[PDB]
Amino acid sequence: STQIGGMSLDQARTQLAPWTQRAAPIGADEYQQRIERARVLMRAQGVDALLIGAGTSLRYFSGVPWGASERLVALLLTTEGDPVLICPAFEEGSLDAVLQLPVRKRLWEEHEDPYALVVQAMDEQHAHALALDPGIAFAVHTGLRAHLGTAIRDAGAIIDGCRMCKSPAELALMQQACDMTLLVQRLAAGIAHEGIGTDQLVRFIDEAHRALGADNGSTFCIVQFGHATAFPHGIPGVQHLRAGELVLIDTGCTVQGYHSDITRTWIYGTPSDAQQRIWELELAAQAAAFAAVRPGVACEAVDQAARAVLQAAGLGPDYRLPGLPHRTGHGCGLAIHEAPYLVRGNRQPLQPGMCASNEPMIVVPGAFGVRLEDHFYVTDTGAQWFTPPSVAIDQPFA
């Protein structure tokens, strides 16, 4: 190997300059385009009002990046006019400073009923067919239902109808985040040595993400050694690296809210025949899944292409272990997981601009797991990798 081990912490740090290729933020015109696309989808669904809660969908339509809390902060979009922004009174100044869209502020003091404000705004515009953000807390349904007597639809089709296909600016922001995380993955492999701790790697990866100018360091970071790699959702526990162990690292960051999410699995020292066999199979399943992607292709077909490779090698079938116990991938954007899902049963056709992970992890019970994760986006004629796949068990980077 020329990529694994052999780099000091100081040497890694010389490569950690703030990222010089900064993708442009989403502009005012694009936020308006998103509002207009939602209105088209609302009309198709027969909905005349849309309530978006704080979180990734509020940031999508308005630029407000705040996480959801027990206090209602929401955008109410109707067929005409600037959308209504419902917000705590004490937050008005902070809101003005992050909004990217002209809005009609409706402010509530702490003891006042914010749900009443939503319905009042609906009534003023003669709206009586609300679709509610499926990511919003159920408590908001309770609050609304105290004032509303009409059917409340689930807004998922509208929200996915907008967010699944990324604009060039969105792709560029995801691209930047992916490029940064790919470097961090490379440096993490470089500094690995006998005895190094999983916690030491997590800490360095966060440090590197910050140094490169991520929104907020590592969004998340999973580091697993040896038998711990057999768990897609294993408990964090400190391990120290021994020769002969696989190392699995899954991490990512955000840039203007847009996510990277890359997994590398590589050998420290000499691999066993079994580790070698399963690693090559993982790459082949990932490759086949990618090869299945072009416009019009059903999402489940991408999952099945990966399973076909595993089955031909005598793993599986279906979700059986040794094999692939979960879906092949998930969409990615302002959220770590979003539509479309590359999962059995999903007939959703792939369209240009859709972004998804490609990670058909193999688990061998009691032994290890191998997960390669790279994201792609659909193009007019096929697909494009955000990051190129690994080359070999001891060459994690193309």
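When you see a residue number, it is the position in the sequence shown, counting from 1.
Next on the checklist: When the Cα temperature factors in the entry are averaged, is it 210 to 218 or 155 to 163 that ends up higher?
Outcome noted: Going by the record's values, the stretch with the higher mean is 210 to 218.
Checklist entry - Quick one: higher average CA temperature factor, 53 to 61 or 345 to 353? => result Here the higher of the two C-alpha B-factor means belongs to 345 to 353.
Checklist entry - So among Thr328, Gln224, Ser272, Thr251, who wins on Cα B-factor in the entry? => result Reading the PDB entry, the winner on C-alpha B-factor is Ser272.
Checklist entry - Per the entry, which of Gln276, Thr265, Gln185, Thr142 tops the list for Cα B factor? => result Reading the PDB entry, the winner on C-alpha B-factor is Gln276.
Next on the checklist: For the chain shown, is the CA B-factor of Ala28 in the lowest, middle or highest third of its modelled residues?
Outcome noted: Highest third of the chain for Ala28's C-alpha B-factor.
Next on the checklist: Lowest, middle or highest third: which one holds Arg320 when the chain's residues are ordered by CA B-factor from the entry?
Outcome noted: Its C-alpha B-factor, which the entry lists for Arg320, ranks in the middle third among residues of this chain.
Checklist entry - Can you tell me which third, lowest, middle or highest, the CA B-factor of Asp96 falls into for its chain? => result For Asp96, whose C-alpha B-factor we compare with every modelled residue in the chain, the answer is the highest third.
Checklist entry - Among the chain's modelled residues, which third holds the C-alpha B-factor of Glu80? => result Within its chain, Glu80 is a highest-third residue by C-alpha B-factor, going by the deposited values.
Item to check | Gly135, C-alpha B-factor rank within chain (lowest, middle or highest third) | outcome: For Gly135, whose C-alpha B-factor we compare with every modelled residue in the chain, the answer is the lowest third.
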